[PDB]
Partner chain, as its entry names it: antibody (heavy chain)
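In the block that follows, a single chain appears as structure tokens, in the form deposited without the partner chain.
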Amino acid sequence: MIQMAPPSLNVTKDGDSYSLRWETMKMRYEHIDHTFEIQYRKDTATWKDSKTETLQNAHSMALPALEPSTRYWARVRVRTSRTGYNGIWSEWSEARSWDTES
């Protein structure tokens, strides 16, 4: 059994422009930083082509580098930036695919 568990990732658009929305509740420890490694790929490219965004103590992102008519598959990596913590990470949040319409 692994450790911790990635939050619930979900994209929400407000006029073409999409944005991530992840909420963590598997920590409830203290005022931790909790770094979030964002990775948004697509159905046309590969995860390797995706972009690795660093979401520090953040609970969402503003997917800027996207493209219409493309299935964007993103995910979130939540670690445990407890200042004096080792240096592990999560098992990558369940990938999510969303359409960017046209």
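Numbering follows the first chain given and starts at 1.
One more form of this protein, solved in complex with the partner chain, exists but is not displayed; see below.
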Task: Proximity of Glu30 to the partner chain in the bound PDB entry, heavy atoms at 4.5 Å - done: yes
Open item on the list: Does any part of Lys26 reach within 4.5 Å of the partner chain in the bound PDB entry? Heavy atoms only, please.
Closed with: yes
Task: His59 within 4.5 Å of the partner chain in the bound PDB entry, heavy atoms - done: yes
Open item on the list: Taking the partner chain as it sits in the bound PDB entry, is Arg82 in contact with it (heavy atom to heavy atom, 4.5 Å or less)?
Closed with: yes
